[PDB]
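Asks: My structure is in input-v4.txt, and what it holds is compact mmCIF, C-alpha atoms and all ligand atoms:
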# COMPACT_ATOMS: atom_id res chain seq x y z
CA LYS P 2 127.18 -21.60 209.30
CA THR P 3 129.00 -21.46 212.64
CA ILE P 4 129.48 -23.95 215.43
CA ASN P 5 130.49 -22.86 218.94
CA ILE P 6 131.74 -25.37 221.49
CA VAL P 7 132.09 -24.51 225.17
CA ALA P 8 134.48 -26.89 226.95
CA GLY P 9 134.46 -27.23 230.73
CA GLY P 10 137.24 -24.86 231.75
CA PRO P 11 136.79 -22.24 234.50
CA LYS P 12 134.06 -19.69 233.66
CA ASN P 13 136.16 -16.64 234.58
CA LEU P 14 138.54 -17.18 231.67
CA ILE P 15 135.59 -17.32 229.26
CA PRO P 16 134.18 -14.26 227.38
CA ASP P 17 130.60 -13.13 227.08
CA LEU P 18 129.01 -15.83 224.95
CA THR P 19 125.78 -13.83 224.46
CA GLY P 20 127.30 -11.51 221.86
CA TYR P 21 128.43 -14.57 219.93
CA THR P 22 124.83 -15.73 219.47
CA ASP P 23 123.44 -15.47 215.93
CA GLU P 24 120.87 -17.20 213.71
CA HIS P 25 123.63 -19.16 211.94
CA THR P 26 125.53 -20.28 215.01
CA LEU P 27 124.71 -23.61 216.70
CA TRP P 28 125.99 -24.35 220.19
CA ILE P 29 127.18 -27.53 221.88
CA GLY P 30 128.33 -28.08 225.44
CA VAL P 31 131.25 -30.21 226.59
CA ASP P 32 131.69 -31.17 230.25
CA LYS P 33 130.97 -28.37 232.75
CA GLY P 34 130.75 -26.31 229.58
CA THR P 35 127.15 -27.22 228.94
CA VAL P 36 126.51 -25.97 232.48
CA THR P 37 128.21 -22.69 231.52
CA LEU P 38 125.95 -22.39 228.50
CA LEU P 39 122.81 -22.66 230.61
CA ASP P 40 123.96 -19.97 233.00
CA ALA P 41 124.46 -17.61 230.06
CA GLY P 42 121.06 -18.47 228.64
CA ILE P 43 122.21 -20.53 225.70
CA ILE P 44 120.93 -24.08 225.27
CA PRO P 45 123.23 -26.60 223.53
CA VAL P 46 121.81 -28.59 220.59
CA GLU P 47 123.99 -31.50 221.67
CA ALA P 48 126.28 -32.12 224.64
CA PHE P 49 129.39 -34.30 224.95
CA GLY P 50 131.04 -35.94 227.95
CA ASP P 51 129.79 -37.44 231.20
CA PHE P 52 128.54 -36.00 234.45
CA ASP P 53 131.20 -37.15 236.91
CA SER P 54 132.39 -33.56 236.88
CA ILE P 55 129.00 -31.81 237.17
CA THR P 56 127.08 -31.50 240.44
CA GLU P 57 123.93 -33.27 241.64
CA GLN P 58 121.89 -30.08 241.48
CA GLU P 59 123.67 -29.02 238.27
CA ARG P 60 122.41 -32.18 236.57
CA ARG P 61 118.86 -31.61 237.76
CA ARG P 62 119.08 -27.99 236.67
CA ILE P 63 120.17 -29.11 233.21
CA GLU P 64 117.40 -31.69 232.90
CA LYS P 65 114.77 -29.16 233.96
CA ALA P 66 116.03 -26.66 231.38
CA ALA P 67 116.80 -29.14 228.59
CA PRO P 68 114.82 -32.41 228.79
CA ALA P 69 115.60 -33.66 225.28
CA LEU P 70 119.25 -32.69 225.52
CA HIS P 71 121.16 -35.67 224.16
CA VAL P 72 124.59 -36.32 225.68
CA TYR P 73 127.27 -38.27 223.78
CA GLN P 74 129.71 -40.08 226.04
CA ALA P 75 133.46 -40.38 225.46
CA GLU P 76 135.66 -43.50 225.38
CA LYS P 77 138.31 -42.40 227.94
CA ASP P 78 140.78 -42.59 225.04
CA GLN P 79 139.41 -39.48 223.40
CA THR P 80 138.72 -36.25 225.27
CA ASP P 81 135.13 -35.01 225.51
CA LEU P 82 136.17 -31.87 223.64
CA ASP P 83 138.14 -33.93 221.13
CA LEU P 84 134.98 -35.94 220.47
CA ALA P 85 132.77 -32.86 220.11
CA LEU P 86 135.13 -31.53 217.45
CA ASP P 87 134.65 -34.57 215.17
CA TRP P 88 130.89 -34.03 215.37
CA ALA P 89 131.37 -30.39 214.38
CA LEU P 90 133.98 -30.95 211.63
CA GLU P 91 131.59 -33.48 210.15
CA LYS P 92 128.78 -30.89 209.98
CA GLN P 93 131.24 -28.85 207.91
CA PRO P 94 130.55 -25.30 209.13
CA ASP P 95 132.64 -22.40 207.83
CA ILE P 96 133.85 -21.72 211.35
CA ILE P 97 134.25 -23.57 214.62
CA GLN P 98 134.84 -21.48 217.74
CA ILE P 99 135.79 -23.08 221.05
CA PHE P 100 135.58 -21.58 224.54
CA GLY P 101 136.49 -22.78 228.03
CA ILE P 102 139.76 -23.76 226.49
CA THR P 103 142.06 -22.37 229.17
CA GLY P 104 142.27 -23.17 232.85
CA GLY P 105 144.46 -24.00 235.82
CA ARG P 106 145.74 -27.25 234.36
CA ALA P 107 148.20 -26.49 231.57
CA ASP P 108 147.77 -29.93 230.03
CA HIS P 109 144.22 -28.83 229.29
CA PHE P 110 145.28 -25.92 227.10
CA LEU P 111 148.27 -27.72 225.54
CA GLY P 112 145.82 -30.39 224.51
CA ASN P 113 143.25 -28.08 222.95
CA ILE P 114 146.14 -26.62 220.94
CA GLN P 115 146.81 -29.99 219.31
CA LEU P 116 143.11 -30.04 218.39
CA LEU P 117 143.78 -27.16 215.99
CA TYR P 118 146.10 -29.48 214.06
CA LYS P 119 143.13 -31.68 213.19
CA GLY P 120 141.56 -28.60 211.66
CA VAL P 121 144.24 -27.84 209.07
CA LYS P 122 143.92 -31.43 207.90
CA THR P 123 140.27 -30.64 207.19
CA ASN P 124 140.90 -27.08 206.03
CA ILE P 125 138.23 -25.64 208.32
CA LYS P 126 138.69 -22.46 210.34
CA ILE P 127 138.95 -23.40 214.02
CA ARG P 128 139.46 -20.48 216.38
CA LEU P 129 140.08 -20.95 220.12
CA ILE P 130 138.77 -18.18 222.36
CA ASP P 131 139.10 -17.04 225.97
CA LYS P 132 138.86 -13.80 227.98
CA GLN P 133 142.00 -12.38 226.34
CA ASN P 134 143.19 -14.62 223.53
CA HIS P 135 142.30 -15.89 220.05
CA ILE P 136 144.34 -18.81 218.81
CA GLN P 137 144.38 -20.07 215.24
CA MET P 138 146.60 -22.29 213.14
CA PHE P 139 147.29 -21.85 209.46
CA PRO P 140 148.70 -24.05 206.70
CA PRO P 141 150.86 -22.39 204.04
CA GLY P 142 149.03 -19.56 202.28
CA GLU P 143 148.43 -15.81 202.45
CA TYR P 144 146.14 -14.31 205.11
CA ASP P 145 144.69 -10.89 206.01
CA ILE P 146 143.78 -9.62 209.50
CA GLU P 147 142.07 -6.47 210.72
CA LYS P 148 143.28 -4.38 213.66
CA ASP P 149 141.63 -5.47 216.88
CA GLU P 150 140.39 -2.63 219.07
CA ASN P 151 140.53 -4.72 222.26
CA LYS P 152 143.52 -6.99 221.73
CA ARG P 153 146.62 -5.23 220.38
CA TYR P 154 149.17 -8.02 220.28
CA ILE P 155 149.46 -10.54 217.47
CA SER P 156 152.04 -13.29 217.96
CA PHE P 157 153.13 -16.00 215.52
CA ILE P 158 154.58 -19.35 216.53
CA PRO P 159 155.88 -22.19 214.32
CA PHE P 160 154.25 -25.58 214.95
CA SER P 161 155.28 -28.90 213.40
CA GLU P 162 158.41 -27.72 211.54
CA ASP P 163 160.24 -24.59 210.38
CA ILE P 164 158.26 -21.79 208.73
CA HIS P 165 159.45 -20.86 205.24
CA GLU P 166 159.33 -17.48 203.52
CA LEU P 167 157.26 -15.70 206.19
CA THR P 168 156.23 -12.19 205.18
CA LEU P 169 154.50 -9.67 207.43
CA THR P 170 152.91 -6.44 206.22
CA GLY P 171 151.06 -3.81 208.20
CA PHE P 172 152.95 -4.89 211.29
CA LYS P 173 155.06 -2.92 213.75
CA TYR P 174 157.75 -5.56 213.17
CA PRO P 175 157.91 -6.30 209.40
CA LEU P 176 159.35 -9.47 207.86
CA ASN P 177 160.19 -10.26 204.21
CA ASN P 178 160.41 -13.89 202.99
CA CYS P 179 161.91 -14.79 206.36
CA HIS P 180 162.75 -18.34 207.50
CA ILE P 181 161.44 -18.98 211.02
CA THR P 182 163.08 -21.92 212.75
CA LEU P 183 161.10 -24.18 215.08
CA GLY P 184 161.06 -23.05 218.71
CA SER P 185 161.78 -19.42 217.81
CA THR P 186 159.99 -16.72 219.80
CA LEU P 187 160.99 -13.87 217.51
CA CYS P 188 157.52 -13.51 216.01
CA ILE P 189 155.83 -13.04 219.39
CA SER P 190 154.40 -9.73 220.55
CA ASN P 191 153.87 -8.06 217.17
CA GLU P 192 151.29 -5.36 216.48
CA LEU P 193 149.36 -3.99 213.53
CA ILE P 194 150.30 -0.44 212.49
CA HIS P 195 147.65 -0.21 209.79
CA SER P 196 143.95 -1.05 209.53
CA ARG P 197 144.72 -4.30 207.65
CA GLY P 198 147.74 -6.54 207.86
CA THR P 199 148.99 -9.41 205.77
CA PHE P 200 151.19 -12.39 206.52
CA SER P 201 152.15 -15.40 204.44
CA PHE P 202 154.57 -18.32 204.27
CA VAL P 203 155.09 -21.21 201.89
CA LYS P 204 155.85 -24.18 204.15
CA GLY P 205 154.98 -25.33 207.67
CA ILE P 206 152.23 -24.83 210.24
CA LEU P 207 151.87 -21.40 211.79
CA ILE P 208 150.06 -20.53 215.01
CA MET P 209 148.61 -17.08 215.60
CA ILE P 210 147.88 -15.71 219.03
CA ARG P 211 146.04 -12.42 219.23
CA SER P 212 145.97 -11.16 222.81
CA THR P 213 145.68 -8.32 225.29
CA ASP P 214 146.98 -7.31 228.71
CA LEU P 215 143.49 -6.29 229.87
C1 LIG A 301 158.97 -10.52 213.59
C2 LIG A 301 158.97 -9.86 214.97
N1 LIG A 301 157.84 -9.79 215.68
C3 LIG A 301 157.81 -9.21 216.87
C4 LIG A 301 158.96 -8.66 217.41
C5 LIG A 301 158.88 -7.90 218.74
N2 LIG A 301 159.19 -8.78 219.88
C6 LIG A 301 159.92 -9.89 219.75
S1 LIG A 301 160.10 -10.60 221.33
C7 LIG A 301 159.11 -9.39 222.10
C8 LIG A 301 158.77 -9.38 223.59
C9 LIG A 301 160.04 -9.21 224.42
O1 LIG A 301 160.71 -8.01 224.01
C10 LIG A 301 158.76 -8.48 221.11
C11 LIG A 301 157.96 -7.22 221.42
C12 LIG A 301 160.13 -8.75 216.66
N3 LIG A 301 161.26 -8.23 217.14
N4 LIG A 301 160.11 -9.34 215.46
MG MG A 302 130.99 -15.93 232.25
MG MG A 303 136.21 -37.48 232.39
Output the file's structure as structure tokens, nothing else.
Ligand SMILES: Cc1ncc(C[n+]2csc(CCO)c2C)c(N)n1
Ligand SMILES: [Mg+2]
Ligand SMILES: [Mg+2]
Replies:
Amino acid sequence: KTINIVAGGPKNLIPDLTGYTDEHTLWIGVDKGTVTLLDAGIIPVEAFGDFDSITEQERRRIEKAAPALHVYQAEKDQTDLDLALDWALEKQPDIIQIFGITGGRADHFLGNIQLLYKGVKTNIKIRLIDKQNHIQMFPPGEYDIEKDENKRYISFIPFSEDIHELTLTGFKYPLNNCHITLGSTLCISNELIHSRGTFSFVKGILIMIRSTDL
């Protein structure tokens, strides 16, 4: 099953959620995010955070449209989003997808990025999504990707430590059992030259950004 979380970032950086709706995909709203869900026509099963960020009318509008909507509050020491993720990881879905993850405040995004770290610990696919990016972290292993018709760039960035024996295949910029040192931006702006591409490394935490220039 799939769980989709919509955090409270600005709506303009968020994709069409509609096309992400499916019979095996539950939704949950976080902060303004639950408001975003209602506008799109999706009702959250649960909602996390408080209302000090949502408007008077906005609250009424939610209540009218979702009376039995339960809202779990945070403890100021854990982000609303951060809290929603525990609820979702617990459910153990094959995939968690988060939206409203980018915005004006950089801290916001930088945070969400750390959230992905909690996902490798639980070996559960956690993909972050916005209008032009798909972020995902991977532990050592061997992974396949398909060419993306709308986003042509695929970047790789080391996380906790150095990346060991990184191999890229089906990419414009190949790599064979390469050692990527922490902080390196060599593996940014790559592309797929085939229909399927493969990448793999033996040690470290790798980040993968698939993007577009619009
Ligand atoms: C493994 C690997 N991946 C991507 C690039 C290409 N690249 C690196 S930096 C950048 C943007 C600035 O030119 C681009 C396109 C490479 N050389 N090696
Ligand atoms: Mg929208
Ligand atoms: Mg708050």
Asks: Grab the atom CA of residue P:97 to atom CA of residue P:82 distance for me, in Å with one decimal place.
Replies: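 Interatomic distance, atom CA of residue P:97 to atom CA of residue P:82: 12.4 Å.
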Asks: Calculate how many Å separate atom CA of residue P:190 from atom CA of residue P:16, rounding to one decimal.
Replies: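 Going from atom CA of residue P:190 over to atom CA of residue P:16, I get 21.8 Å.
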Asks: For ligand MG 303 (chain A), which residue out of P:45, P:30, P:50, P:94 is the nearest one, using all atoms listed in the file?
Replies: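 Ranking P:45, P:30, P:50, P:94 by distance to ligand MG 303 (chain A), first place goes to P:50.
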Asks: When the cut-off is 12 Å and you count all atoms listed in the file, which residues lie near ligand MG 302 (chain A), shown as number ranges by chain?
Replies: P: 7, 9-20, 34, 36-43, 100-101, 131-132
Asks: Looking at P:169, P:44, P:125, P:84, which one is nearest to ligand LIG 301 (chain A), with distances taken over all atoms listed in the file?
Replies: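 Closest to ligand LIG 301 (chain A) of all the choices is P:169.
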Asks: At what distance in Å, to one decimal, does atom CA of residue P:75 lie from atom CA of residue P:57?
Replies: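 Separation of atom CA of residue P:57 and atom CA of residue P:75: 20.1 Å.
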Asks: Produce as a PyMOL selection string the set of residues near ligand LIG 301 (chain A), where near means within 7 Å with only C-alpha atoms and all ligand atoms considered.
Replies: chain P and resi 174-176+186-191
Asks: Find the residues near residue P:135: any atom within 6 Å, counting all atoms listed in the file, skip ones fewer than 3 places away on the same chain, and give them as number ranges by chain.
Replies: P: 129-130, 210-211
Asks: Looking at all atoms listed in the file, which of P:179, P:207, P:29, P:55 is the one that sits closest to ligand MG 303 (chain A)?
Replies: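 Distance minimum relative to ligand MG 303 (chain A) lands on P:55.
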Asks: Which residue gives the smallest distance to ligand MG 303 (chain A) among P:35, P:58, P:74, P:199, with all atoms listed in the file counted?
Replies: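 Using all atoms listed in the file, the shortest distance to ligand MG 303 (chain A) belongs to P:74.
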Asks: Between P:47, P:69, P:59, P:79, single out the one closest to ligand MG 303 (chain A), counting all atoms listed in the file.
Replies: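 Of P:47, P:69, P:59, P:79, the one nearest ligand MG 303 (chain A), counting all atoms listed in the file, is P:79.
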Asks: Would you mind telling me which residue in P:196, P:201, P:80, P:103 lies nearest to ligand MG 303 (chain A) when using only C-alpha atoms and all ligand atoms?
Replies: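 Using only C-alpha atoms and all ligand atoms, the shortest distance to ligand MG 303 (chain A) belongs to P:80.
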Asks: Counting only C-alpha atoms and all ligand atoms, which protein, DNA or RNA residues come within 9 Å of ligand MG 303 (chain A), given as JSON, numbers by chain?
Replies: {"P": [32, 50, 51, 52, 53, 54, 75, 77, 80, 81]}
Asks: So which residues touch stretch 140-151 of chain P within 8 Å, counting all atoms listed in the file, skipping near sequence neighbours fewer than 2 positions away, as a list in words?
Replies: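 Answer for this query is residues 121, 138, 153, 193, 195, 196, 197, 198, 199, 200, 201, 202, 203, 204, 205, 206, 207 and 213 of chain P.
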Asks: Counting only C-alpha atoms, what is within 9 Å of residue P:181, bar same-chain residues fewer than 4 positions away, as a list in words?
Replies: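 Contacts, in chain order: residues 158, 159, 163, 164, 165, 166, 167, 185, 187 and 188 of chain P.
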Asks: Near residue P:91, counting only C-alpha atoms, which residues have an atom at most 10 Å away, once you skip same-chain residues fewer than 4 positions from it, shown as a list in words?
Replies: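 Skipping anything fewer than 4 positions along the chain leaves residues 86, 87 and 123 of chain P.
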Asks: Add whatever atoms are absent from stretch 72-86 of chain P to reach N, CA and C atoms, and provide the output as a short mmCIF file (atom, residue, chain, number, x, y, z; two decimals), keeping the file's coordinate frame.
Replies:
data_model
loop_
_atom_site.label_atom_id
_atom_site.label_comp_id
_atom_site.auth_asym_id
_atom_site.auth_seq_id
_atom_site.Cartn_x
_atom_site.Cartn_y
_atom_site.Cartn_z
N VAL P 72 123.20 -36.41 225.25
CA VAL P 72 124.59 -36.32 225.68
C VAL P 72 125.41 -37.50 225.17
N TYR P 73 126.41 -37.22 224.32
CA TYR P 73 127.27 -38.27 223.78
C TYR P 73 128.44 -38.52 224.71
N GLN P 74 128.63 -39.77 225.12
CA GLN P 74 129.71 -40.08 226.04
C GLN P 74 131.01 -40.36 225.31
N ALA P 75 132.12 -40.15 226.01
CA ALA P 75 133.46 -40.38 225.46
C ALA P 75 133.92 -41.81 225.72
N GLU P 76 135.10 -42.15 225.21
CA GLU P 76 135.66 -43.50 225.38
C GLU P 76 136.96 -43.51 226.20
N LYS P 77 137.13 -42.53 227.08
CA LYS P 77 138.31 -42.40 227.94
C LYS P 77 139.64 -42.35 227.18
N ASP P 78 139.58 -42.59 225.87
CA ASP P 78 140.78 -42.59 225.04
C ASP P 78 140.76 -41.38 224.12
N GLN P 79 139.64 -40.68 224.18
CA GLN P 79 139.41 -39.48 223.40
C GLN P 79 138.82 -38.50 224.40
N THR P 80 139.26 -37.25 224.35
CA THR P 80 138.72 -36.25 225.27
C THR P 80 137.29 -35.91 224.86
N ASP P 81 136.51 -35.38 225.79
CA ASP P 81 135.13 -35.01 225.51
C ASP P 81 135.15 -33.96 224.40
N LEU P 82 136.00 -32.96 224.59
CA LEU P 82 136.17 -31.87 223.64
C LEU P 82 136.60 -32.46 222.30
N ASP P 83 137.63 -33.30 222.33
CA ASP P 83 138.14 -33.93 221.13
C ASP P 83 137.03 -34.63 220.36
N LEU P 84 136.09 -35.23 221.09
CA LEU P 84 134.98 -35.94 220.47
C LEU P 84 133.96 -34.98 219.86
N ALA P 85 133.71 -33.88 220.56
CA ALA P 85 132.77 -32.86 220.11
C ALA P 85 133.25 -32.23 218.81
N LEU P 86 134.56 -32.12 218.65
CA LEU P 86 135.13 -31.53 217.45
C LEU P 86 134.87 -32.37 216.19
#
